[PDB]
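Structure first, commentary second.
Worth knowing before you read on, the calculation uses all heavy atoms, side chains too, and leaves out hydrogens, waters and symmetry mates. Chain letters run A, B, ... following the sequence lines, proteins first and then strands; every chain starts at 1.
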Number of protein chains: 2
Amino acid sequence: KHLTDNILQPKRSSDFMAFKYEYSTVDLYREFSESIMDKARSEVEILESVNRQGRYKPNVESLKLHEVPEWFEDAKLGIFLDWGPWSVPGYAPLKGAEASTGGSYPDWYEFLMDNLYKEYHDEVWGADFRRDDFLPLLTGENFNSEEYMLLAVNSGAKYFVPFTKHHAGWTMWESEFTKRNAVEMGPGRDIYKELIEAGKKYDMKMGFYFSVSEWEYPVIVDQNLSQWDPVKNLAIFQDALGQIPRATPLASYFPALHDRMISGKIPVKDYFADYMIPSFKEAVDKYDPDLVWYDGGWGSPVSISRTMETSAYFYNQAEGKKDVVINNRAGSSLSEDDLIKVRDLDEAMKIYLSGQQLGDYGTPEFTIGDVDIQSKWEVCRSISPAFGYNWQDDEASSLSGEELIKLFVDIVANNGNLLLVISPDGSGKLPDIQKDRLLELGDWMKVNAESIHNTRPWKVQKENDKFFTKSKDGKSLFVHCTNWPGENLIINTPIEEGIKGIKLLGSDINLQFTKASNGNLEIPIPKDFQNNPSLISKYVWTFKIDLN
Amino acid sequence: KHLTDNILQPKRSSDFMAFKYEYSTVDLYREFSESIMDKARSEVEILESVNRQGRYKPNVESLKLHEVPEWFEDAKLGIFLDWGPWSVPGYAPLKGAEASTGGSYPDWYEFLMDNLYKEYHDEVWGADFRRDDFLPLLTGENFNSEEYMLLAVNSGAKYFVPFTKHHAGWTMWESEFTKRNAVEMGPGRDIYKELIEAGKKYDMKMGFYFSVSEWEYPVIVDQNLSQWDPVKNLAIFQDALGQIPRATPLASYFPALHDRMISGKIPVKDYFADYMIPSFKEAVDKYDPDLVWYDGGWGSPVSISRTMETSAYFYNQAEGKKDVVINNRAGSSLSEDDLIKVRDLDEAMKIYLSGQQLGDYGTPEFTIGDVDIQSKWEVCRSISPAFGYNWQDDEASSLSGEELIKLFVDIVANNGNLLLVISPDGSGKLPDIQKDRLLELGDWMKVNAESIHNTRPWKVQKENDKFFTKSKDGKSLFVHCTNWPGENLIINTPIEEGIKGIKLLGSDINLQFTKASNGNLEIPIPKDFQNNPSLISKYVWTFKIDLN
Ligand SMILES: OC[C@@H]1O[C@H](O)[C@@H](O)[C@H](O)[C@H]1O
Ligand SMILES: OC[C@@H]1O[C@H](O)[C@@H](O)[C@H](O)[C@H]1O
Ligand code: NA
Ligand code: NA
């Protein structure tokens, strides 16, 4: 049904033995909780003092004054490295398990293996194979951080966002606040450090992806939750992150159920104050990222998660040092009363959107939808529906290079950035098909990058098969033709300014042009270009019009 | 840790294969839901019409006027047959997993196998072995209903209460409202019908044990609960029954998780109206029980569960036909406001008890506690802490026959009934240790039953090692000596009435007496009784004093 004999399908090893980390959850409680909470209190005091003295305060109106940096307007393309324990099984259904975004989520395997993907998991991995048994298999033996950064550079990308910490809480960086980190578990390396160092060497802006909430977190409680609870003073914190109905805010903690899904996480009293805030601060302080990509901010509203404090801190510590940016996923600004009204209730969506007030730019996922092209936005997606590696993904399931380039041009014409997801396997190897699409995009950008990087939308974004961008200064208009226009390029959209010159990017030759009497621009195409226009540029041909 | 090589420990068979019931939950939705809801609506209408026309109305004040039947005052001993799918694994910890009652619960295994007992389950049965894989192993090959009824008769019991439907919803009777029944799953017989027929044959009062709520139940919903839900219009209803925090009222339904926990259950729109009420009515109508033993009434308050309607119906359908009784487990009469106050908040216990207003008699579980001996009460317990079969139970864990008989006499002198739990294994065989205790109790009752059945508390319940009962007609006082009194029985407690005669039950000798000057009754005991009084009666010696 789900178990194939296809070599490409990751599956249970014949030598599988349970991963029992050196420290049980109770061991971490006894040995590390007090120490961590002590350290957290000191770090939170420092962060709060920085915010009290700093330009940015933890409130919507203060943070709103922060502006999108020039570099982020100009970047247009980022690489989103979706790699983590979920990369080992590398599975979602090719069809039929799409979320409301239209994507599919191999990167939700650690959660969905217990419900939506349980039949697959039980047949391919085994019911006795727990979430944390994927951690030792995340070897990174084929993961080369410099090669990933160079691939991103060569693709034309201007920022690189690793999945530094996703919903199950494994950190790509060596954290003092969790043993569920890349040094203790999986590759045995500070993967984030390697990527940060590579990004500095290649002059690449670096992101920090950070799940605000986690699916489960062991917490210290005064009173137990039921007569069945086996362990005094420990429970499991759960919020809305999982999306499915669950016990909230606390579930009863049972070692035989929970320990092998939360290996390495040190119990604390207050998930947000004692763990989330100090771990965020730690990564910002150590790695100095250019960009914060919150995720999982729907778990708890910001009145509880305190992400306005992490946002203010990030901006404050950047002052005078570098220009930085935050996405719009910190969480909701709504009051308890407004959150209740939404749950009770089109009318629910209007109230919800009113509470989405934090961040520098919008983050449509997979489907672009009805974007406001007057504000900055970024669409995230891979070359397929899949966020995270899908061993089944292939030529049939993935965009062609041609489709990817045309989609990219569309995005950029409409004021968007593309944050292009790449998804390695458990070894850290990138599938050849994803490598190929990056190479093809890179080859196209070699010719056409000046019509993409550092541009802005024009008064018109699309005309038939043409997409427009303009130089920052207004003096160059770029016409991206998604069909080879043949003998003649005709542009119907009025161009008020006089024209100094027109050229096809990829040719050093200046093109002929005249204005017809109906208003159209007519651009004859050299006979020598017709024989094989793909030699100049594949898929999309860009004409630069220099204005007076 | 948990898997022994003890043959007595039930464990995974080498020939185990998954039980995938011929009707999936979705099959039952498509094929049976409409039919069941059609029948339910008609049955609820009939039940409501009976209550409108009947003497008892579904409100606290009306139901309170119903009185404990003479037969229940007189019975003193019932047998509580704790048999179900949980009987197969037959496990709870010998120590350390007691609930707040002081008992332990092998009969919660179907629920606790996923949390508290998960380490045991994984080691002994396997992670791939689901709750419903116990159902085919509940063979009943050693279960003879006539033999169980005769065991009850011969023990001195006057009522027999089978676990007709416990918290996972397997019915001992052949129900039209569920395929999770004893005919379609497990023994392939209407076990309840067999027991009811035996009870009629042997003139035994018959109970109907009924879990109001169930741990999980598939329900039909207009809107799905999450973007992850695989099946339109089905979800899982959950209330407070499970005691541990859970999603309530609804969890997302996932076939690969839920189907092998809820085999046989037919989805309905309203758990209470479309399933609970008509299934209750069905069993009452078909089997004509003398007693309703509600359980699991803490799931939902009676405003939602509607158990005042089932209680009124039970009384109304019996009126003019037979005298019947209900325990006190229908559920809470508290308002939503009062239930909220209890959750917020010793103070919580006072409010909770104020909302416990339904039923004919109290049901202390395991621990008797501070019972009101002016009202009728019944303590339920097995010979050990274990409710349900525990394969580990032995001489060290169980009451001796001696202890059982003395506890029983204590209960009866204090106006209680003992509802003695007996716990068979998966085959339906009763463990030898429980058989031994029942033999001792039965042998004791053969001699002493007239001092137990049809008696009432006396003006004094206990004098040193002596417990008193009196015949309901006042003409006999029974003195139960828990120590052999030796050469003389001396009774300090004044007996105002003249004495016609005195006898030790088990002997035909009339005993002489004198009243001393201090007031004491002095009863010389025959020399021939002194060497071996245990021949006459074991453990407790009962003297019958006939009064004027
Ligand atoms: O594009 C980022 C995606 O964002 C979602 O919010 C997460 O829940 C997914 O796992 C991640 O892949
Ligand atoms: O006295 C009956 C016991 O009553 C409890 O309420 C149930 O939850 C137990 O399973 C059962 O053994
Ligand atoms: Na702003
Ligand atoms: Na009453």
Item to complete: Count the heavy atoms belonging to other residues, nucleotides or ligands that lie under 6.0 Å from CG of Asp370(B), then report whether that count exceeds 12.
Response: no

Item to complete: Identify the two heavy atoms, one from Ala251(A) and one from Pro245(B), that lie closest to each other, and give their separation to 0.1 Å.
Response: CA-CB, 4.3 Å

Worksheet item: Between CD1 of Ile244(B) and CG of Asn224(A), what distance do you get to the nearest 0.5 Å?
Response: 12.5 Å

Worksheet, complete the sentence: Ranking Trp108(B), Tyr117(B), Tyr253(B) by heavy-atom pairs under 4.5 Å to chain A gives rank one to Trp108(B)

Discussion item. Which residues in residues 10-26 of chain A have any heavy atom closer than 4.5 Å to a heavy atom of chain B?
Written reply: none

Worksheet item: With chain B, which of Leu250(A), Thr248(A), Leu116(A), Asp229(A) has the greatest number of heavy-atom pairs at distances under 4.5 Å?
Response: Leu116(A)

Worksheet item: Got a second to check how far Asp122(A)'s CG is from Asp128(B)'s CG, nearest 0.5 Å?
Response: 8.0 Å

Practice prompt. Against chain A, label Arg260(B) side chain, backbone, both or neither, depending on which of its atoms sit under 4.5 Å from a heavy atom there.
Written response: neither

Worksheet item: In terms of heavy-atom proximity below 4.5 Å to chain A, should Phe129(B) be classed as side chain, backbone, both, or neither?
Response: neither

Worksheet, complete the sentence: If you tally heavy-atom pairs under 4.5 Å between each of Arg246(A), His121(A), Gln238(A), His258(A) and chain B, the highest tally belongs to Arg246(A)

Item to complete: Spell out, as yes or no, whether a donor-acceptor pair under 3.5 Å connects the side chain of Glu119(B) to the backbone of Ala256(A).
Response: no

Worksheet entry | Side-chain heavy atoms of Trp228(B) within contact of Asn115(A), under 4.5 Å | no

Fill in: Pair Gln243(B), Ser226(A): side-chain N/O donor-acceptor within cut-off below 3.5 Å
no

Worksheet item: Considering only heavy atoms from C-beta outward, does the side chain of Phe254(B) approach that of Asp114(A) to under 4.5 Å?
Response: no

Discussion item. So which residue, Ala235(A), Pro255(A), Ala127(A), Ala97(A), ends up with the most heavy-atom pairs under 4.5 Å with chain B?
Written reply: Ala127(A)

Worksheet item: Side chain, backbone, both or neither: which part of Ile236(B) has a heavy atom under 4.5 Å from chain A?
Response: neither

Response to the item:
Honestly, the part of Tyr120(A) sitting under 4.5 Å from a heavy atom of chain B is neither

